[PDB]
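Chains as they are written, first to last, in my numbering: chain Y, 1039 to 1110; chain B, 326 to 392.
Cβ atoms here follow ideal geometry from the backbone N, Cα and C, with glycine treated the same way.
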């Protein structure tokens, strides 16, 4: 289901990537919170902000600044 | 809120960790993924993404975050 998305993504095309995306879809099927996180995960990659967000999270380890941004 | 502790979760975490060990970019994505859940902002970020589908507003926030 998500293998074509993985193959076209910026992630390095490895057998581990392909098992990961499959496994994530299966986790999302049985847990809607994991599905919400998967949706964000894909949105970060599609918009090219994976490393930008990872770098931000280092500066905001408790999500304090992000949580206030999202709340407003 | 927290991920439901299903067998699928444990399988997904281990798969993601194995993909992250091979590819630093996937490790960055995994770190963000875990950071969202640890801090309880998964649904908040998912709702924001629905309203900012091209990440334009998120890009501006990240660009203006303190150095």
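For residue i, the three-state DSSP class (helix, strand or coil)
i              : result
residue 364/B  : coil
residue 393/B  : Residue 393/B falls outside the range modelled here, since chain B spans only 326 to 392, and no answer is possible.
residue 340/B  : helix
residue 335/B  : helix
residue 1040/Y : coil
residue 345/B  : helix
residue 379/B  : coil
Straight-line gap, residue i to residue j (C-alpha atoms, nearest Å)
i              : j              : result
residue 363/B  : residue 332/B  : 19 Å
residue 365/B  : residue 1055/Y : 26 Å
residue 1043/Y : residue 1088/Y : 15 Å
residue 343/B  : residue 1076/Y : 17 Å
residue 1082/Y : residue 336/B  : 22 Å
residue 1073/Y : residue 1050/Y : 22 Å
Buried or exposed (CB count within 10 angstroms, at least 16 for buried), residue i
i              : result
residue 1109/Y : exposed
residue 326/B  : exposed
residue 1045/Y : exposed
residue 1041/Y : exposed
residue 1068/Y : exposed
(request) Take every Cβ of the stretch 372 to 381 of chain B, pair it with every Cβ of the stretch 1093 to 1102 of chain Y, and state whether three or more of those distances are shorter than 8 Å. (result) no
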